[PDB]
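# Per-entry structural report
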Protein chains: 2
Amino acid sequence: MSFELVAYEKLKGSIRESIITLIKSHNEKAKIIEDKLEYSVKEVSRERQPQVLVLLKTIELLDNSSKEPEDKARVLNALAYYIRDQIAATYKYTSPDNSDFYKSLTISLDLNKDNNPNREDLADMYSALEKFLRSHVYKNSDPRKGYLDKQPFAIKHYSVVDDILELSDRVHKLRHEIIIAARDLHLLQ
Amino acid sequence: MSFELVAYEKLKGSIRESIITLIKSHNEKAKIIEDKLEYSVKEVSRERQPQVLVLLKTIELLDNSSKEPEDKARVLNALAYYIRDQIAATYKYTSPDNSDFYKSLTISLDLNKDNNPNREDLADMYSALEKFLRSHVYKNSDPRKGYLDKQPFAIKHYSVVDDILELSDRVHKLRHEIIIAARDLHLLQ
């Protein structure tokens, strides 16, 4: 079981489409400005607002980056996957499919029984995402050197540093598990 | 407060000298073969045996490596510092200076009130040490790819994988703390 990254342009497109649909599910008459989707974000629930703005800021920054297509894809796939998981965690006894946005993330990512991230994949994805965020929070991505004067991720009801720590924790746990699994495979061969 | 790495040859020399002294503290007549110090390790306590063998194997591997002097130094300093800390943890209410080997590690490292590793230093040291060990346990340093057929660190009463996990945990915690401290500096400027 392994995950193929969705190509960046395609994923960008389907995420933007799902955001438009989310906006319209609250207000069918919303006037969408194509190159200013963030201005319509006020239409979605307080809970979804920062997730949407982080996705859109991520897309704007990657679009302006010098990154190669696969690295751009790895970042956007990782964030979509992460936000999807964040929504799943808010459901304590029924399906997260109850959230149309959740469903749209599953679809955008083309997730299915045979196409789904293993520990390695997740470690690579979340690591790339964590690096990306650090690159847009700290001088030289290095918190020792302080914060950038301009904080693209200073978004209301969002803590980019909380996300960096969390992503770092998941990566750390995933790398731990990979080591442990290799040990068991070694000793039990 | 920052730590200057001790140059590799010098550190190698003083660690080898302290090992000889440790051996001789049990058996004043021990016959030391210069290029085979590990054969004399049987003379030290069961507890010190794996620490000594890991230090000596580390030195042999660095000596055979293509590493630049500063990277060699970073690895050896890190391991000496780590083993020193491991000994300190075995003292629950009196000074670890009670251990002559502990004292020798403090001296070899030239540790003092103004020359002592900060979080950054430790993070860099333990990371370099963890990488080094992985490079001598797994194919391409990558546990996903399995274990090397030859395990230089398969040393009795020692688990190199336990050490990789532990080093990884300390690095993870140190990086966490660095982030947290940068945040407080940011918000409290």
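Residues numbered from 1 in each chain as written, not as in the entry; some residues may be left out. Chains lettered and ligands numbered in written order. Heavy atoms only, no water.

## As for the overall build of chain A
Where we set the bar: The numbering of helices and of strands both runs from the N terminus, where a helix is a DSSP run of H or I of at least 4 residues and a strand a run of E of at least 2. This radius of gyration counts C-alpha atoms alone. The globule rule is 2.2 Å times how many residues there are, raised to the power 0.38. Note on exposure labels: buried denotes an accessible area under 20% of the residue type's maximum, exposed denotes more than 50%, and partly exposed covers the range between, all computed with a 1.4 Å probe on protein chains only. What sets the accessible areas is the Shrake-Rupley method with a 1.4 Å probe; for residues, cover comes only from the shown protein chains. Counted as positive: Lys and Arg. Counted as negative: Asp and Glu. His and the chain ends are not counted at all. Charge positions are represented by NZ for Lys, CZ for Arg, CG for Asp and CD for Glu.
In terms of helices and strands, chain A carries 6 helices and 0 strands. Sequence-ordered secondary structure for chain A, helices as α and strands as β, is α-α-α-α-α-α. What you see for chain A is a C-alpha radius of gyration of 17 Å, in line with the 16 Å of a compact globule of 189 residues. Taken along its principal axes, the extent of the C-alpha atoms in chain A is 65 × 45 × 30 Å. Counting every position in chain A, which comprises 189 residues, the buried fraction comes to 48%. Total accessible area on chain A is roughly 10,500 Å²; 48% of this is exposed by carbon and sulfur atoms. When the 30 positive and 31 negative side-chain charges of chain A are each reduced to one mean point, those points stand 4 Å apart.

## A short note on the packing of helix 1 (residues 8-26) of chain B against helix 2 (residues 48-63) of chain B
Residues and elements named next belong to chain B. Stated formally: Here an angle of 0 to 180 degrees is reported between the N-to-C directions of two axes, which are lines fitted to C-alpha atoms, with helices fitted over the stretch in contact. Throughout, the term roughly parallel applies to angles under 35 degrees, roughly antiparallel to angles over 145, roughly perpendicular to angles from 65 to 115, and oblique to all others. Left-handed describes a crossing whose near helix is turned anticlockwise from the far helix through less than a right angle; right-handed describes the clockwise counterpart. It only takes one pair of heavy atoms within 4.5 Å for two residues to be counted as in contact.
Where helix 1 contacts helix 2, the two axes come as close as 11 Å, and the packing angle between them is 150°. In terms of orientation, helix 1 lies roughly antiparallel with respect to helix 2. Viewed along their axes, helix 1 and helix 2 form a crossing whose handedness is left-handed. Only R48, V52, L55, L56, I59, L62 and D63 of helix 2 make contact with helix 1, whose side of the interface consists of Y8, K12, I15, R16, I19 and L22.

## Comments concerning the domain arrangement of chain A
Residues and elements named next belong to chain A. Here is the rule we go by: What fixes the domain bounds is an automatic or database domain assignment. Two parts placed together each lose some accessible area under a 1.4 Å probe, and adding up what both lose gives the buried area. Each salt bridge in this description consists of a side-chain nitrogen of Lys or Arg and a carboxyl oxygen of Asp or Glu lying within 4 Å of one another. Polar contacts here mean pairs of N or O atoms no more than 3.5 Å apart (in protein, one a potential hydrogen donor and the other a potential acceptor; neighbouring residues in sequence count only if both atoms are side-chain atoms). Each residue gets one label: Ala, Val, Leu, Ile, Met, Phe, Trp, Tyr, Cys and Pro are nonpolar, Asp, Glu, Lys and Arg are charged, and the others, such as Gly, are polar.
Considered domain by domain, chain A is made up of domain 1 (2-118) and domain 2 (119-189). Computed over C-alpha atoms, the centres of domain 1 and domain 2 are 19 Å apart. With 24 residues of domain 1 at the interface, the matching set in domain 2 holds 21 residues. A per-residue breakdown of the area domain 1 buries against domain 2 is headed by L61, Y82 and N118, which together make up 32% of the total. At the junction of domain 1 with domain 2, the criterion picks out 1 salt bridge. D85 serves as the salt-bridge partner of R170, at 2.8 Å between the closest nitrogen and oxygen. Counting every contact that joins domain 1 to domain 2 gives 7 residue pairs in polar contact. Counting residues per element, the ones that place at least two in the side of domain 1 that touches domain 2 are helix 2 (48-63) and helix 3 (69-89). Ranked by the residues each element gives to the side of domain 1 that touches domain 2, the list is headed by helix 3, at 9 residues. Looking at the side of domain 1 that touches domain 2 residue by residue, the classes come out as 13 nonpolar, 6 polar and 5 charged.

## Regarding helix 4 (residues 100-109) of chain B
Residue and element names in this part refer to chain B. Buried residues dominate helix 4, accounting for 7 of its 10 residues. Residues of helix 4 that are buried include every one of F101, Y102, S104, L105, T106, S108 and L109, and no others. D110, located one to two residues past helix 4, shows a positive phi value of around 60°.

## Focus on a positive patch on the surface
This is how the line gets drawn: Each patch groups residues whose relative accessible area exceeds 30% and which form no salt bridge, using 9 Å between like charges and 5 Å between nonpolar side chains of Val, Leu, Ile, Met, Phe, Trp and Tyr.
A contiguous patch of positive charge on the surface is contributed by A:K131, A:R175, B:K131 and B:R175. Within the element layout of this structure, A:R175 appears in helix 6 (residues 160-187). Judged by its relative accessible area of 44%, A:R175 is partly exposed.

## Focus on the relation of the copies chain B and chain A
Note on the chain copies: they are related by a rotation about an axis and a translation along it. Filter applied, for reference: A least-squares superposition on the C-alpha atoms brings the copies into a common frame.
It takes a turn of 180° to lay chain B on chain A, together with a shift of 0.0 Å along the axis; the resulting RMSD is 0.0 Å. Overall, the copies show the geometry of a two-fold rotation axis. For chain B, the minimum C-alpha distance to the rotation axis belongs to B:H172 and amounts to 3.5 Å. When the interface residues of chain B are mapped onto chain A, 100% of them again fall at the interface, so both copies present the same face.

## Points about the environment of A:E38
All names here are of chain A. In this structure, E38 sits in the loop between helix 1 (8-26) and helix 2. Residue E38 is classed as partly exposed on the basis of its relative accessible area, which comes to 29%. The sequence separation of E38 and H186 amounts to 148 residues, and the corresponding C-alpha distance is 51 Å. Those residues within four positions of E38 in sequence are excluded, and the remaining contacts are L53 and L56.

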